[PDB]
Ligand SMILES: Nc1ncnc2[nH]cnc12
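Next comes just one chain, in structure tokens: the form solved without adenine (ADE).
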């Protein structure tokens, strides 16, 4: 039985997303967030398995949805959310690697801006350097929420790469030299889309892996890190 599609990639009806949305790469993690932290929750997207849900957190409307892997994937989903679904604030909630010697596995990283090896931002600004920059109120809400929860955080730059399986000599050394704290694949695509729509975005990630030492969080450590990060993000939404 055919259903009307408000976008090519999302089964939700217009209005079915809250103005504030958390997004993570793995749709199964979106379901875990909804099941464990949202009330009044309903599934609003099933297309491509990219599960999305709308409910409330402490009474305030909040949605959560997967975004898939990479800049092109998050760009589709976020463009649609801001444009068709009229979302105002997206916080990406993710995992990351690090090269910074002072950032450790299990650390929580709040992203102020994200570099990239993608061409998508050059294309938006006449070939020039367009910093993918988080909204300050979002960053501050995340920082303040972690402080109130007594959870330490690292605040600074991420790097969003198109290539998970890097073969690039000298990259890690440059990222470390300039104190990039988080290596991931999506945030640099999100922030300029928020800008286009006059909207807001941020990102918070937990360090799953040290790219230099190959230290890696166990499943139990990843659950603890997730619980800390998601509580920070959820509490931050109450201020946004």
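Positions refer to the first chain, counted from 1.
Although not depicted, the form solved in complex with adenine (ADE) is the subject of the following passage.
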Original post:
Is the binding site on this chain open or blocked for adenine (ADE) after its pose in the deposited bound form is superimposed by the nearby C-alphas, counting blocked as 3 or more ligand atoms within 2.4 Å of backbone or C-beta?
Top reply: open
Original post:
Is residue 136 one of the residues lying within 4.5 Å of adenine (ADE) in the deposited bound form, judged by heavy atom distances?
Top reply: no
Original post:
Do residue 115 and adenine (ADE) share at least one heavy atom pair within 4.5 Å in the deposited bound form?
Top reply: no
Original post:
So in the deposited bound form, does residue 185 come within 4.5 Å of adenine (ADE), heavy atom to heavy atom?
Top reply: yes
Original post:
Contact between residue 73 and adenine (ADE) in the deposited bound form at 4.5 Å, heavy atoms?
Top reply: no
Subject >> One stretch from 88-96, 106-114, 144-152, 121-129 that, in the deposited bound form, holds residues within 4.5 Å of adenine (ADE) by heavy atom >> reply: 88-96
Subject >> in the deposited bound form, the one of 44, 38, 211, 171 near adenine (ADE) [non-hydrogen atom within 4.5 angstroms] >> reply: 211
